[PDB]
Amino acid sequence: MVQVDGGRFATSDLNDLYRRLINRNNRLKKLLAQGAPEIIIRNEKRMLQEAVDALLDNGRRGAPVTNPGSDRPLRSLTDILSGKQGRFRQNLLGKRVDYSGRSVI
Amino acid sequence: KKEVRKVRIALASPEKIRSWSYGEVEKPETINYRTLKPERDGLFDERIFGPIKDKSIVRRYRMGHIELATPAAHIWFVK
Amino acid sequence: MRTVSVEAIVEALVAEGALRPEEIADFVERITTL
Amino acid sequence: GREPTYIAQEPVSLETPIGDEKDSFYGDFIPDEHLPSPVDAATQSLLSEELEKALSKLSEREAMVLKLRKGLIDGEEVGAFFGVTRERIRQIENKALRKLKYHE
Amino acid sequence: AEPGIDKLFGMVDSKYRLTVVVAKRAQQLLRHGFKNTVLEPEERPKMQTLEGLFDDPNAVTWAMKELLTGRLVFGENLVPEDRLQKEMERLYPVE
Amino acid sequence: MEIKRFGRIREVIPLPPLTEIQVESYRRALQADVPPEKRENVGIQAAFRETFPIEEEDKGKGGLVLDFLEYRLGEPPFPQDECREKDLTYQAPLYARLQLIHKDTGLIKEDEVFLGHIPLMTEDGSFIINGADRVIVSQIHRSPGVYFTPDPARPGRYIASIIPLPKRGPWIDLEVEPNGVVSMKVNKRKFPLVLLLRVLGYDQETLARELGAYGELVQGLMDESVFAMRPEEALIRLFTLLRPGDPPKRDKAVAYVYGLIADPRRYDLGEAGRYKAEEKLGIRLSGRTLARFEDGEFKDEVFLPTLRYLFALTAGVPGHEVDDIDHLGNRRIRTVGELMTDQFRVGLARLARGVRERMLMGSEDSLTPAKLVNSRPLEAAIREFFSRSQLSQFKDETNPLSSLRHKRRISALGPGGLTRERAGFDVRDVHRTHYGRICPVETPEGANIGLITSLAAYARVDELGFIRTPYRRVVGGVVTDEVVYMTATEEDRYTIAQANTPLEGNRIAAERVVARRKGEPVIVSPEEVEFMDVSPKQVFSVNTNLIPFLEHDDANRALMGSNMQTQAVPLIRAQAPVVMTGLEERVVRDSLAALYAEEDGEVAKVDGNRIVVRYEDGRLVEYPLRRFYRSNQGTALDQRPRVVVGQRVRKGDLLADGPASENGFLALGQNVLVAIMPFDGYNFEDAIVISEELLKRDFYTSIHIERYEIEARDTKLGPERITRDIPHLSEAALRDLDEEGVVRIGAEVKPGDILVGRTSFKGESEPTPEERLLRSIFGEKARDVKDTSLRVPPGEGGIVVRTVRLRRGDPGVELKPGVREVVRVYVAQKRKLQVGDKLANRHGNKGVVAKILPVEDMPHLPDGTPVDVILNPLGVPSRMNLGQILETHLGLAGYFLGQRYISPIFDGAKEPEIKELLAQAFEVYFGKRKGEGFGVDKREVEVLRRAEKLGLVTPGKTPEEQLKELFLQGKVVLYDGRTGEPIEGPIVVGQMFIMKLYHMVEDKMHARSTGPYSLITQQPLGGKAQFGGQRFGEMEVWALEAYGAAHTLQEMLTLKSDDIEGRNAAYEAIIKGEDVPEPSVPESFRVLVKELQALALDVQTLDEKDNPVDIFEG
């Protein structure tokens, strides 16, 4: 998480997926202490599995979005280990290189 | 000092998952706008992960853990 | 926390040869606000 | 039809295909400003302790009116006053800082 | 090409083994000073703008001179690795 | 310079104004200059009438009748340069006349509602959009008609196709399946077509007798006579086939649309879609679809002849009608006006979708304006098109020819999704119909072959999107001075003869004539000849038509000549070709590069800034010059006055040259004295060798201007300020900044100097709790401010030539939110030719300058004249382009005759003509040297010795007669300049037209040691005074793997940019004098563990024996 044009930030989507789960898990805790009407506790547990499935792997159940403007799947722990660059492929695929140059020949 | 000839992937017991971690992420608190500094026990804690201050390497290598109240499935093994 | 400045990142993007200063400009312009 | 004259904005994610809807992610073009981030801890450590020094060496009814107005929650001076005229608070406020700034 | 490469390829069972020998010799020929050498009496590599390669321009080239004479020994498990490093530093100064 | 032109083919009619495809189309699309009273409506006014009867009738309360009267534009907001300084669009406001009726008394008409701005076209044919000039390409697609395809899957019969577009129409297919059911495929449905004919009123007793008499196959029609005994009951019967659960009683519902109103229409009543089925089948078509509104029961104008012509084809010969897809009478070109109107109507029905919902929430009568009209749907729909469509793109204005070629492109990759990058094979090939209509040369190399191709010189687009080439009629055997532009299909009806056909005024001469019927090459007699070409120029594009001896050039290296003239950079000492084609004064006319007198008159004033002339009619006009304007890709486009005060002029005469114009002629390069011979490995493969005399004479110098820009944005931290007192700057670093912080005009700026000084407050915020008190304690505004100026990047700049301040109190500028001011600085460079730059002739001879010899040591003639350029003859035989060889010979004669030549493209210079001009030349190259007192050189005779041994001179003659024999063959005795010894054989030299391409070596060279590194990926990037790295790709990894470069490869992947600990140790140890250690552990390996570890995967690392190994360094 970074601080961009003085007052603007940039966020890895994992961080909002991790916050979502801290949300759901903490509300589940407080809903057990403050009385457990079942169908309520069950909604919250459903929400908890849904937010674990979220930060682990999106697009397997319909994707969770950031706001009503960038309706584009948040990048999950599964996205980072596959796909266009990922972790496995990008090392094989080739990186930029410090001591290098071009010119015409 | 010793060489790395083999790598193995296994399933990690939650007792393991607690071992690799240094402390639990408590609150859904990233950082506040007033002070660009880690909030109370949040995703970017320094006690848990390491100092953002000078290197930045111990911080990209120390993990935290979340303590679920009800278990949830690793969707990989479901879908 | 951690700091950054967009003006130098944009010039780097323009040098990197991704698209023309037109597309990068539209990008920084959507970056600015809505 | 106009957009006129006279701490709130919404985050853009880190990974977004820039350019001709290509393979780049937006974190890829961010270089950095510095690693250590000095004058933070060593400054506030001086900053805070040398505050309370002069802050207590004049009257607490003087120095704390602004210590906590400009520093604790909000701001104001239409109600800065714990019960005096809006004119004497401006009086004692300014006069407080002045003997606080330089002592004759 | 490079002086007497054909002779160096013949010295080794493996093309690539020459490389490692050259490299590892170059490393010590820099690390434990430069006086590690076996050939430094008379005519050993030279340069221009003066004649000045008798101290320290190109260590890898040196190693290829040195290996071009029977003065050096190369092989799989010659001496225990650890007393190798202890005896090199211990015998030669410059640190 | 006298000009002699070669060959006489009386090219009866001139070139069409080459920009008309853009100008005249966008004129048709916007009937702006003519009153709304005027009858014709196509384009903008038709886009209204299509949507504009707006009928919400009765779903609870109705009476919405809002309908069209007038529209007008009138006034653009700002001038054009204005629109370019300030990043503005060059628009006009579109606001139309409106009246909305009620179910009750009255009708509240409001006059104007400026529902959106609409951009305008300049007189040269380009758009200004975001402050940048911009060009709308054309498009090609299948023209909307009735087509008949041979059955792809089933070998032996055919399938029909009725194709409407805009895609708002339904595609339909008429595959006559096996067993005889006349099937019919709509939207993947299929069923006997008879179900539809009976919805049209066709009873089955007339269907067989009067349509299907000649074919017995009509018995495949009447099979289901059980369903086709009932007329309107078959409409409900057909309604069954769509199944969302419709109400079967709604009668005209679905057949309203593929009846009249919105689905298969073509632009207008007349010839918009009617020509495309009237010619292929039936006789007429009607209103623009298969409609009845006045009676309720439906008439078809189409289905009967469509199936009737699927009979006439499946059996016998009416003609043998079949339809070819790629024929240019059955594919259609979409100009700029249509494209905008297409998008304008989609933007007009996004408004109609809104006026409907504002009819429900409306109050009773208070509606007239913006309660129905907002610009949002139209304004955004036009803005999307010009600014981010696939067919809008920066004006390729490297030189005049570059932009003219660009406005006259034709693309196949339409933004609607016409053709995509995957398919190529038959799509890209040249078809017979491209003859006279599309250049077989202009297409670019690589991926976009055949897809993007420019239209022919004489070709033009008629009232519908068809390309139409001219031909001239011949009456029996008598050729006329009367020309007919013909459709591609209409072309095929006739015998067309070839333009190189002998004449006697009006008669054919040879009984044995070359002529084309439809596509085939046919040899014919004078009587059969029905038409003839106008000129050989009508076959190729404008660029391909500037190559002088194209006739002698392979088609393959001919497109390389054509495409490179685009890349010609304007040279300060610019020059017209020594041997032209003829179009080089017509190109600088039609592109508005230059400035020509409007009438006859006299010149009154000539600055370098402006020209002033006094015409006959009494006018005294002031023409201001474009002084040093930057182009879109860096080249310098200025005008230069070429007349004097008191000089009379004629109408059309030239007053000022454009950027690449020499005295009215297209000047893309320069005429150098070239010797074509090898040299000491310096002109290897396609390299070039240069005489330093060029740089002295400053011929290959070209000005270039870059543009640097900064904003003084407004920030949380406090406002940024364009000022001179930057904190941590030496006084020497500020010597050239004015008191405001802007670099002064006329100062040489080197990479790293300051252009405009900017200072911003220290980041991380305004810390209210404590600092807010300090602000009152300590002299307020005594905060801290850092340096965030603008500096010449790596690469370079030049000398500052112009600045632009757009300051607050904004006097006509649209500064972005939070933008306080903006400041620009223009820097310029006289860029001489340098080793590495790229050069090429018109014939397609790529080449980089590889060596700049001093004049002393390079080949020269007997008189001490050296040659200027040394081309390797090994570039000629593979690349079949002998045209450059003729340009050299003819250029050799023109150099001692002091004259230039025009060899028309295929009516060119023949060898005898060239020879006798060379014979004329040599009596000057050498006739004079006899008189000055000098005979033949002992070296000249040593070469004539070997010459006759090589068979180039006939022995026994005198040296003079031999040298003339040897001259006529283009070759001369040449002496190596560094030994003075003769070249041992003769060598051809002469004048060749060579030019300097956009690929110089300033954009090109980069060198990176160390520098910035990205954040999520740690590989590096360029910035303050550092370049980026080069990408070491996967194939480059296979390379090092194919050697033993294990350490070299790991460096590429570890210490170069990716592994932080590794590279830091790597550079610190280089400053030490140490060797670089590899890891440690690698960054990729530790990250892939913990990043896998983020998912609950236990990944361990193991020893040789299975044992735990901690890879995180304690």
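The condition of being in contact with a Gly (Cβ under 8 Å, 6 or more places away or on another chain), aromatic (F, W, Y) and either crowded, with 16+ Cβ neighbours inside 10 Å or part of a loop (DSSP other than H, G, I, E, B) (or both) holds for only one of F:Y202, F:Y147, F:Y214, that being F:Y214. Going through (1) within 23 Å of F:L1088 (Cα to Cα); (2) surrounded by fewer than 17 Cβ atoms within 10 Å (Cβ to Cβ) one by one, A:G94 falls short only on (2).
If we scan the stretch F:797-816, do we find a residue that is within 14 Å of chain A (Cβ to nearest Cβ) and either of a type in the set (D, E) or within 13 Å of F:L755 (Cα to Cα) (or both)? Break it down into steps so the answer makes sense when it comes.
Of the residues in the stretch F:797-816, the ones within 14 Å of chain A (Cβ to nearest Cβ) are F:816.
Filter again for either of a type in the set (D, E) or within 13 Å of F:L755 (Cα to Cα) (or both), leaving none.
Scanning the stretch F:797-816, I find no residue that is within 14 Å of chain A (Cβ to nearest Cβ) and either of a type in the set (D, E) or within 13 Å of F:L755 (Cα to Cα) (or both), so the answer is no.
Residues that are part of a loop (DSSP other than H, G, I, E, B) and small (G, A, S) were ranked within the stretch F:23-64; the one that is surrounded by the fewest Cβ atoms within 10 Å (Cβ to Cβ) is F:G60.
For the stretch A:84-105, which positions are over 20 Å from F:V1037 (Cα atoms) and more than 7 Å from every other protein chain (Cβ to nearest Cβ)? Explain how you work it out, then say what you get.
Initial filter on the stretch A:84-105 (over 20 Å from F:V1037 (Cα atoms)): A:103-105.
Selection gives A:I105 alone.
Tallying residues that are farther than 18 Å from D:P11 by Cβ and either charged (D, E, K, R) or surrounded by 19 or more Cβ atoms within 10 Å (Cβ to Cβ) (or both) within the stretch D:23-39 yields 5.
Take the conditions (1) within 14 Å of chain C (Cβ to nearest Cβ); (2) over 19 Å from the mean Cα position of the chain (by Cα); (3) within 23 Å of A:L55 (Cα to Cα); B:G42 misses just one of them, which is (2).
Of all residues in the stretch B:34-73, those satisfying the criterion of being out of contact with any strand residue (DSSP E or B) (no Cβ under 9 Å at 6 or more places or on another chain) and more than 25 Å from F:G1114 (Cβ to Cβ) are B:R34, B:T35, B:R40, B:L68, B:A69, B:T70, B:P71, B:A72, B:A73. The set of residues in the stretch F:817-826 that are within 13 Å of chain C (Cβ to nearest Cβ) and crowded, with 20+ Cβ neighbours inside 10 Å contains only F:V822.
Within the stretch F:352-380, how many residues are under 20 Å from F:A262 (Cβ atoms) and aliphatic (A, V, I, L, M)? Spell out how you get there, then give the answer.
The first filter runs over the stretch F:352-380 and keeps only residues under 20 Å from F:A262 (Cβ atoms), leaving F:352-357, F:359, F:377-378.
Those still in the list that are aliphatic (A, V, I, L, M) too: F:352, F:355, F:359, F:378.
Qualifying residue count, the stretch F:352-380: 4.
Tell me, please, whether a residue that is closer than 24 Å to A:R24 by Cβ and surrounded by 13 or more Cβ atoms within 10 Å (Cβ to Cβ) can be found in the stretch B:1-13. Scanning the stretch B:1-13, I find at least one residue that is closer than 24 Å to A:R24 by Cβ and surrounded by 13 or more Cβ atoms within 10 Å (Cβ to Cβ), so the answer is yes. Residue count for the stretch F:350-372 satisfying the condition of being assigned to a helix (DSSP H, G or I) and buried (at least 19 other Cβ atoms within 10 Å of the Cβ): 3. Of the residues making up the stretch B:45-73, those that are more than 17 Å from the chain's Cα centre (by Cα) and away from chain C (no Cβ under 14 Å) are B:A69, B:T70, B:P71, B:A72, B:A73. B:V58 falls short on exactly one of the conditions (1) buried (at least 17 other Cβ atoms within 10 Å of the Cβ); (2) touching a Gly at 6+ places or on another chain (Cβ under 7 Å), and that condition is (1). The number of residues in the stretch B:24-79 that are assigned to a loop (DSSP other than H, G, I, E, B), over 22 Å from D:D40 (Cα atoms) and of a type in the set (V, I, T) comes to 3.
Could you list, in sequence order, all residues of the stretch F:973-1018 that are in a strand (DSSP E or B), away from chain D (no Cβ under 14 Å), buried (at least 17 other Cβ atoms within 10 Å of the Cβ) and within 38 Å of the chain's Cα centre (by Cα)?
First, the residues of the stretch F:973-1018 that are in a strand (DSSP E or B): F:975, F:982, F:987-997, F:1006-1008, F:1013.
Then drop every residue that is not away from chain D (no Cβ under 14 Å), which leaves F:975, F:982, F:987-997, F:1006-1007.
In the following step, the residues that additionally are buried (at least 17 other Cβ atoms within 10 Å of the Cβ) were identified as F:975, F:982, F:987-997, F:1006.
Hits for the stretch F:973-1018 are F:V989, F:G990, F:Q991, F:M992, F:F993, F:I994, F:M995, F:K996, F:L997, F:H1006.
Taking (1) farther than 13 Å from F:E771 by Cα; (2) surrounded by 12 or more Cβ atoms within 10 Å (Cβ to Cβ) in turn, D:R61 satisfies each apart from (2).
A:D57 falls short on exactly one of the conditions (1) away from chain F (no Cβ under 14 Å); (2) buried (at least 18 other Cβ atoms within 10 Å of the Cβ), and that condition is (1). For the stretch A:62-78, a residue qualifies if it is under 11 Å from A:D13 (Cα atoms) and either aliphatic (A, V, I, L, M) or surrounded by 15 or more Cβ atoms within 10 Å (Cβ to Cβ) (or both), and the qualifying residues are A:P64, A:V65, A:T66, A:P73, A:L74, A:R75, A:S76, A:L77. Number of residues in the stretch D:39-62 that are facing chain F (nearest Cβ under 10 Å), within 23 Å of D:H103 (Cβ to Cβ) and hydrophobic (A, V, I, L, M, F, W, C) equals 4. When you look at F:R707, is it among the basic types (K, R), over 30 Å from F:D857 (Cβ atoms), surrounded by 20 or more Cβ atoms within 10 Å (Cβ to Cβ) and within 14 Å of another protein chain (Cβ to nearest Cβ), yes or no? Answer is no for this residue. The residue that is surrounded by the fewest Cβ atoms within 10 Å (Cβ to Cβ), among those in the stretch F:1080-1107 that are more than 7 Å from chain B (Cβ to nearest Cβ) and part of a loop (DSSP other than H, G, I, E, B), is F:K1105. For the stretch E:19-38, check the following and say yes or no: at least one residue is more than 14 Å from chain F (Cβ to nearest Cβ) and either surrounded by 12 or more Cβ atoms within 10 Å (Cβ to Cβ) or in contact with a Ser or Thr (Cβ under 7 Å, 6 or more places away or on another chain) (or both). Within the stretch E:19-38 (the criterion being more than 14 Å from chain F (Cβ to nearest Cβ) and either surrounded by 12 or more Cβ atoms within 10 Å (Cβ to Cβ) or in contact with a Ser or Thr (Cβ under 7 Å, 6 or more places away or on another chain) (or both)), the answer is yes, since at least one residue qualifies.
When E:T69 is tested against (1) assigned to a loop (DSSP other than H, G, I, E, B); (2) in contact with a helix residue (DSSP H, G or I) (Cβ under 8 Å, 6 or more places away or on another chain), only condition (2) is not met. Within the stretch F:1025-1051, residues that are more than 7 Å from chain A (Cβ to nearest Cβ) have Cβ atoms under 9 Å from residues that are assigned to a loop (DSSP other than H, G, I, E, B) and acidic (D, E) in these pairs: F:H1047/F:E1078; F:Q1050/F:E1078; F:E1051/F:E1078, counting only partners at least 6 apart in sequence or on another chain.
Scanning the stretch D:64-88 for residues that are within 13 Å of chain F (Cβ to nearest Cβ) and in a helix (DSSP H, G or I), we see that the one that is surrounded by the most Cβ atoms within 10 Å (Cβ to Cβ) is D:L66.
Where in the stretch F:217-310 are there helices (runs of 4 or more DSSP H), lying fully within it, with 2 or more residues that are under 30 Å from F:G156 (Cβ atoms)? Can you show your working first?
Working: elements: F:233-239, F:253-257, F:274-278.
Per the criteria, F:274-278.
Take the residues in the stretch C:12-24 that are crowded, with 18+ Cβ neighbours inside 10 Å and more than 7 Å from every other protein chain (Cβ to nearest Cβ); name whichever of them is nearest to B:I31 (Cα to Cα). Step by step, filter the stretch C:12-24, then rank; the result is C:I24.
The condition (being of a type in the set (D, E, K, R), under 22 Å from F:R168 (Cβ atoms) and over 39 Å from the mean Cα position of the chain (by Cα)) is satisfied by just one residue among F:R288, F:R243, F:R266, F:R292: F:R292. Being in contact with a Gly (Cβ under 7 Å, 6 or more places away or on another chain) and in a loop (DSSP other than H, G, I, E, B) is the filter here, so list the residues in the stretch A:59-95 that pass it. Passing the criteria: A:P73, A:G94.
For neighbour counting, all protein chains shown are included, and Cβ atoms are generated from backbone atoms with ideal geometry for every residue, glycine included. FYI, it's all coordinate maths here, none of it is from the lab.
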